[PDB]
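Peer 1: In the authors' numbering, the protein residues as written are 11 to 329, 339 to 357.
Structure in structure tokens, see below.
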Amino acid sequence: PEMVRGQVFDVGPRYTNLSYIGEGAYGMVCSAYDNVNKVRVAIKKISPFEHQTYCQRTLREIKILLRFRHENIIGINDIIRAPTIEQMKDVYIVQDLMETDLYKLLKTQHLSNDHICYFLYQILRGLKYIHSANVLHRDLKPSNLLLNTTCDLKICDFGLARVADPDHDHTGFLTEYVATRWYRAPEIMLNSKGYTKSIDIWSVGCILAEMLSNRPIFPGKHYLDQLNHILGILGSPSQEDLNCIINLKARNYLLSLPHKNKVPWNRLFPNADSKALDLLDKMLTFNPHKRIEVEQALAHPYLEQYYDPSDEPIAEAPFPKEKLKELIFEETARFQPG
Ligand SMILES: [NH3+]CC1CCN(c2ncnc3[nH]ccc23)CC1
Numbered sequence: 011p012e013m014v015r016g017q018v019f020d021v022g023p024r025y026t027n028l029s030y031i032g033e034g035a036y037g038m039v040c041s042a043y044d045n046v047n048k049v050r051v052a053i054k055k056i057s058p059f060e061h062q063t064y065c066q067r068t069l070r071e072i073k074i075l076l077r078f079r080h081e082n083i084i085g086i087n088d089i090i091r092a093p094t095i096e097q098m099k100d101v102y103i104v105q106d107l108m109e110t111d112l113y114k115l116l117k118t119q120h121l122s123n124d125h126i127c128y129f130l131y132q133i134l135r136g137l138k139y140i141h142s143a144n145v146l147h148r149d150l151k152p153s154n155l156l157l158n159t160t161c162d163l164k165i166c167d168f169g170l171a172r173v174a175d176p177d178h179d180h181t182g183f184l185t186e187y188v189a190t191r192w193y194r195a196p197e198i199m200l201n202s203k204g205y206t207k208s209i210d211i212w213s214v215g216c217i218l219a220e221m222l223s224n225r226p227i228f229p230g231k232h233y234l235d236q237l238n239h240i241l242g243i244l245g246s247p248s249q250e251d252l253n254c255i256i257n258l259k260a261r262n263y264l265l266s267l268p269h270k271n272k273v274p275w276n277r278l279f280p281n282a283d284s285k286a287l288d289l290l291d292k293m294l295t296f297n298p299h300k301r302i303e304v305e306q307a308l309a310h311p312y313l314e315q316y317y318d319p320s321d322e323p324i325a326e327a328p329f339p340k341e342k343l344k345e346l347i348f349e350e351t352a353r354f355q356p357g
């Protein structure tokens, strides 16, 4: 049994020469040399079995990533676990090793307009596929966008993903939410469970703005402060957009606020390409019904040098704890010897 920081990282003999990368959700991540396909790979250890939510998130992601096949979505190459349910305490998921991620790049590197355009293209191309499978990612953020040494981008972490369900999107005001605060669309705080595709477009809009300045556009410090930040830039919603919020608590909150004018994108981002700011505006629309969709975003003039719908594939088909361990066991069976 291999050890790393005095903890079992039980992946051999196929995977050897381990290095600590970091700490993920529910366990440790390492690189390792794959002795079959002669390359280093990423391996993440997952120890979810005592809890409903770790099991749920682990299973959702395994099911999604095994069904998906797309250049801009991280795949699962292998899954390592014990041969019996009784002996299975951990699962190791083996994935392409990626040099970096957009979070690390944004903290250390200025991005040329050409890199921003390419990164955005790849994000939307992966998102087109996800959405075509009727799946919502629901936690798009720079740390979930992996990049290799040649700037190929892959979307990862499908632990919070859901099948879209627009007919049950509605909820009350200030309803709790799980996904990462700075990338939450305004409607989450007002009247939305985050069950429509427009939730992911908001996040991508936030990511684009962050690529333009290396700083998050809406860095809220707590639940309702997130809405403070959004309205600070977009300004007060129009009567028409306010009329779409039927719930009185949410409507009246918005009516209580002093008038705020829109901050022009070209003043917030003076060196940005004007076409990038037109697309940013359309992704960061307050009203989710008026927000641009993924396939429209791909067709935007900013992305004209890459847009090719014939090369932007879609999915072939749409999509207690004891039973969840059995379901994770069954779902990983295809990777066992025989
Ligand atoms: N949220 C970003 C982290 C970076 C570390 N870590 C990885 N590091 C290298 N290559 C990888 N491939 C798949 C995952 C991964 C897990 C995700």
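Just so it is clear, CB atoms sit at the ideal spot from N, CA and C, and this is done for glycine as well.
Taking the alpha carbon of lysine 270 as the reference point, which residue from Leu278, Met293, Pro280, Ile243 has its own alpha carbon closest?
Peer 2: Closest by alpha carbon: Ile243.
Peer 1: Inspect the beta-carbon positions of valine 145 and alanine 171 and report whether they are closer than 8 Å.
Peer 2: Their beta carbons are under 8 Å apart, which means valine 145 touches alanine 171 by this criterion.
Peer 1: Under the three-state reduction of DSSP, which class applies to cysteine 40: helix, strand or coil?
Peer 2: Looking at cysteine 40 - three-state DSSP - the assignment turns out to be strand.
Peer 1: Per DSSP, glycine 16 is paired with what?
Peer 2: None, per the DSSP bridge assignment.
Peer 1: From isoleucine 302 to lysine 292, what distance separates their C-alpha atoms?
Peer 2: When rounded, the distance between both Cα atoms is 6 Å.
Peer 1: Less than 8 Å between C-beta atoms, sequence neighbours within five positions excluded: which residues of the same chain meet that for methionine 13?
Peer 2: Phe19.
Peer 1: According to DSSP, simplified to helix, strand and coil, what is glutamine 105?
Peer 2: Three-state DSSP puts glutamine 105 in a strand.
Peer 1: Which of the three DSSP states, helix, strand or coil, is assigned to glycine 215?
Peer 2: In this structure, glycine 215 counts as helix in the three-state DSSP scheme.
Peer 1: Can you have a look at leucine 200 and say buried or exposed, based on whether 16 or more other CB atoms are within 10 angstroms of its CB?
Peer 2: Counting Cβ neighbours within 10 Å, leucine 200 comes out buried, since at least 16 surround it.
Peer 1: Which class does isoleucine 347 belong to by DSSP, given the choice of helix, strand or coil?
Peer 2: Here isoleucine 347 sits in helix by DSSP.
Peer 1: What beta strand (DSSP E) runs, 3 residues minimum, are completely inside the segment 256-307?
Peer 2: Runs of the beta strand (DSSP E) inside the segment 256-307: none found.
Peer 1: Under the DSSP definition of a beta bridge, which residues are partnered with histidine 125?
Peer 2: Paired residues: none, contrary to the question.
Peer 1: I need the straight-line Cα distance from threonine 26 to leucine 69, nearest angstrom please.
Peer 2: The straight-line gap from Cα to Cα measures roughly 26 Å.
Peer 1: Quick check: does the Cβ of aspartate 283 come within less than 7 Å of any heavy atom belonging to ligand 1?
Peer 2: No, Cβ of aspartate 283 sits at least 7 Å from all heavy atoms of ligand 1.
Peer 1: Closer than 7 Å: is that where the CB of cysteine 161 sits relative to any heavy atom of ligand 1?
Peer 2: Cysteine 161: no, Cβ never under 7 Å from ligand 1.
Peer 1: Just the Cα atoms here: how many angstroms apart are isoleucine 103 and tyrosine 30?
Peer 2: Those two C-alpha atoms are separated by around 15 Å.
Peer 1: Does the distance from the C-beta atom of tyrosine 131 to that of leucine 313 stay below 8 Å?
Peer 2: Yes, these two residues count as a Cβ contact at 8 Å.
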